[PDB]
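Here is the structure we will look at.
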Amino acid sequence: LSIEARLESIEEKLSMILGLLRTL
Amino acid sequence: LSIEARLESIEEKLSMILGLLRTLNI
Amino acid sequence: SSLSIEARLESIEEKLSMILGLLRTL
Amino acid sequence: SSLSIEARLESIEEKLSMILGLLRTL
C-alpha cells in the first residue's frame with residue numbers, strides 16, 4: 001500500500017487501542 | 001489529510017496513550 | 001536514518017499489532 | 001510540523017516501544 005494508506009491504517013489502529021484503554 | 005497533519009494526529013494519540021500508562025494506571 | 005520510510009512503517013505496524021493483541025487479551 | 005517525516009516516524013516508533021513495555025508489565 002501507499003504511505004498515506006498505511007498512515008490512515010495506523011491511525012485507525014491507534015483509535016482502536018485508545019477505545020480499548022478507555023474501556024479496560 | 002496531508003502526511004504531516006496525519007502524522008500530528010498519530011503523534012497526538014501516542015502521547016495521550018503514553019501519559020495514561022506511565023501515571024494514571026495503578 | 002538508514003532504513004527506508006516504508007521499512008520503518010512496517011516496524012510501526014508490527015508494534016501496533018502486538019500492542020492490540022496484548023490489549024484485547026486483558 | 002517542523003521535524004522531517006523520517007525523524008517523526010522514528011520518534012513515533014520509539015513511543016510505540018515504550019507503550020508495549022508498559023502494557024506488558026501491568
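Residue numbering restarts at 1 in every chain; chains get A, B, ... in the order shown in the C-alpha cells, and ligands count up from 1 in that same order.
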
Following superposition of chain D onto chain C on all C-alpha atoms, paired in order, what is the C-alpha RMSD to one decimal in Å? 0.6 Å

Produce a table with one row for each residue of chain B that has an atom at most 12 Å from any atom of chain C, each row naming the nearest atom pair and its distance in Å at one decimal; use only C-alpha atoms; arrange rows by chain and rising residue number; format as CSV.
residue,atom,partner,partner_atom,distance
B:7,CA,C:9,CA,11.8
B:10,CA,C:12,CA,11.6
B:14,CA,C:16,CA,10.9
B:17,CA,C:19,CA,11.5

Based on the selection just made, write N, CA and C atoms of those residues as a PDB file, in the first residue's frame.
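selection-v5.pdb, freshly written:
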ATOM      1  N   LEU B   7       0.407  12.628  10.499  1.00  0.00           N
ATOM      2  CA  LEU B   7       1.399  12.303  11.486  1.00  0.00           C
ATOM      3  C   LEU B   7       1.040  12.969  12.803  1.00  0.00           C
ATOM      4  N   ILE B  10      -1.550  11.169  14.719  1.00  0.00           N
ATOM      5  CA  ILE B  10      -0.942   9.954  15.259  1.00  0.00           C
ATOM      6  C   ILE B  10      -0.077  10.269  16.476  1.00  0.00           C
ATOM      7  N   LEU B  14      -0.469   8.994  20.498  1.00  0.00           N
ATOM      8  CA  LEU B  14       0.588   8.272  21.197  1.00  0.00           C
ATOM      9  C   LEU B  14       0.971   8.928  22.521  1.00  0.00           C
ATOM     10  N   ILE B  17      -1.800   8.123  24.923  1.00  0.00           N
ATOM     11  CA  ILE B  17      -1.663   6.754  25.409  1.00  0.00           C
ATOM     12  C   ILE B  17      -0.463   6.573  26.349  1.00  0.00           C
TER      13      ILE B  17
END

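Within 10 Å of chain A, and using only C-alpha atoms, the residues found on chain B are residues 1, 2, 3, 6, 7, 9, 10, 11, 13, 14, 16, 17, 20 and 21 of chain B.
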
Those same residues, written as an mmCIF file, in the first residue's frame with C-alpha atoms?
data_model
loop_
_atom_site.group_PDB
_atom_site.id
_atom_site.type_symbol
_atom_site.label_atom_id
_atom_site.label_comp_id
_atom_site.auth_asym_id
_atom_site.auth_seq_id
_atom_site.Cartn_x
_atom_site.Cartn_y
_atom_site.Cartn_z
ATOM 1 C CA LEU B 1 -5.325 14.828 5.048
ATOM 2 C CA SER B 2 -1.601 15.741 4.463
ATOM 3 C CA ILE B 3 1.216 13.430 5.725
ATOM 4 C CA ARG B 6 -1.909 12.805 9.673
ATOM 5 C CA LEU B 7 1.399 12.303 11.486
ATOM 6 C CA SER B 9 -2.830 13.258 14.759
ATOM 7 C CA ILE B 10 -0.942 9.954 15.259
ATOM 8 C CA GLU B 11 1.661 11.647 17.454
ATOM 9 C CA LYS B 13 -2.762 9.906 20.311
ATOM 10 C CA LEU B 14 0.588 8.272 21.197
ATOM 11 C CA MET B 16 -2.152 10.562 25.175
ATOM 12 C CA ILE B 17 -1.663 6.754 25.409
ATOM 13 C CA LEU B 20 -2.086 7.257 30.725
ATOM 14 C CA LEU B 21 0.102 4.207 31.140
#
